[PDB]
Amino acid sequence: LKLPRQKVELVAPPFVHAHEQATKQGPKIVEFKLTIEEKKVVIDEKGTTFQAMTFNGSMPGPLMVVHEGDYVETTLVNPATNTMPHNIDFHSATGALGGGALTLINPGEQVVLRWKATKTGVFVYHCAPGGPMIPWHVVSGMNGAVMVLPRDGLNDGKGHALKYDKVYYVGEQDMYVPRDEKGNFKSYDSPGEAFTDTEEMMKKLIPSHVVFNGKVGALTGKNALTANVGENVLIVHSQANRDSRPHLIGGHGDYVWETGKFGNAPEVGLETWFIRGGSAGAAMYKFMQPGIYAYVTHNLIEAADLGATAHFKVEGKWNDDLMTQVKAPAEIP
């Protein structure tokens, strides 16, 4: 394979490495490195801990962006400081269990996989070492996404280009943290020590936490998502194990690929869309009003009580035609 090589410097979510939408480049070999990190992290404002397993140190793993017909060459590294075997399965890829059957590496090893990006869209990638380890590694955080853009950029299915001003990647994680007898969340010294209790809970299918970007409140405050009135924002949403129903409170999905695949035209003007577990989807919105927005899964129990709320802080001029407080709160006549 004698194509040009291009290195990408990955960046942590919710940001996305610089890329072109429409491009005049032809196919390349695009080189990525992912280094697995097992680590104990804090997942909520109460200080609950969690035995995480990650690509590149983050939940989700970083978004990889290429174009249709590129070859994606990933160096997967499992440092000796980890305890378990790991691999990678790309839903964008064809053959060998998405790459999983060619990438199983023990601590101290690395492997190099190349796959041709023949399918456009956003896709999950995740670890899948075999058997009961598959769900455990995924719900411990070992999942991310890849975006395979058409070379001509995105379109509306009616001949018109859809160009985003910025893209964010929201990875949603269902987490299963067991409780002790008195009802407090348990802490564990290693992923292996967490496994028995965590699997017992997993099989009951109810998460303790549902978070964006690895933690309750990760995408709020200093780390709120941002936009300006007039900006078209693409929001890629993934969930490797469990369904989600994204909703932008105060906005819409102007153009939505809920199954996440750009060979299909987007749907228009959605209130809430649906990310099937094991997939990524994408929604574009042009902001029309300034202020705070919440971006949630619209199981509101999950959103408000289990962790699944992000914010956008949007700058610009208020549009009284679109919405106005005609009369402020006042005593009932």
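Position 1 is the first residue in the sequence shown; the rest follow in order.
- With 97 to 105 and 155 to 163 compared on mean CA B-factor from the PDB entry, the stretch scoring higher is 155 to 163.
- Higher mean CA temperature factor, per the PDB entry, when comparing 78 to 86 with 242 to 250: 78 to 86.
- In the PDB entry, a CA B factor belonging to the middle third of its chain's modelled residues is recorded for residue 73.
- Residue-level temperature factors show residue 29 in the highest third of its chain, judged at the C-alpha atom.
- Among all modelled residues in its chain, residue 286 ranks in the middle third by Cα B-factor.
- For residue 263, the recorded CA temperature factor ranks within the middle third of the chain's modelled residues.
- Per-chain ranking of the deposited C-alpha B factor places residue 302 in the lowest third.
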